[PDB]
């Protein structure tokens, strides 16, 4: 009862990407904006994460680690949710001043990826996900990707993850009645969570390549963005950091 009150109170607010919606849609313009929105959205995730119960009792090193590995999956999941309640999953609502339409998806040279994220949005509708179920799932996403060897203090991490997995169970169970719909529901939500990883990986690779040849494509990468994508992302695409799926 108290847990849900927290996630709702610490839930970040609207964030603008600062895109010049008066300039012809181009690869450089759109991407440069997305990177900026990523920088702005990142600052809020850090604050949001700190407010997360138990997050503070995590080794400072792991705190910055988990954040640098799941920031992508978290932002996408939230974007899809916004796209679902803002445009009915019609388009991708990255930001109030950065709404992606069919045309912009192609102009971004990542139409296939946008198509996958859009499905995620539609998923929120088909499964009738509730704001409460969403809030918790997003929180669980924070502890859904860690290095293979483990964290500085894997002990506390597993304990926290276990508690959030239980919180998700509570939100569901504390509304149903029969022991049948409770399982099937937990199954669907856990499935929805894993479907985010594949999408995040494709975005990890795309942003990676973009960074490499960002000098010739005229795409600006903020400080934090370029540092995480050049140090953290590689570990993910190399196998160092692997997501934590519920199902095989």
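Residue numbers count along the first chain shown, from 1.
Once the C-alpha B-factors are averaged per stretch, 64-72 and 207-215 rank with 207-215 first.
Checked against the record, the higher mean CA B factor of 77-85 and 168-176 lies with 168-176. Out of 192, 28, 52, 45, the entry records its largest CA B-factor for 28.
Per-chain ranking of the deposited C-alpha B factor places residue 234 in the lowest third. Residue-level temperature factors show residue 139 in the lowest third of its chain, judged at the C-alpha atom. Ranked by C-alpha B-factor against the other modelled residues of its chain, residue 152 falls in the highest third.
Among the modelled residues of its chain, residue 200 has a C-alpha B-factor that falls in the lowest third, as given in the PDB entry. Per the deposited record, the Cα B-factor of residue 9 falls in the lowest third when ranked against the other modelled residues of its chain.
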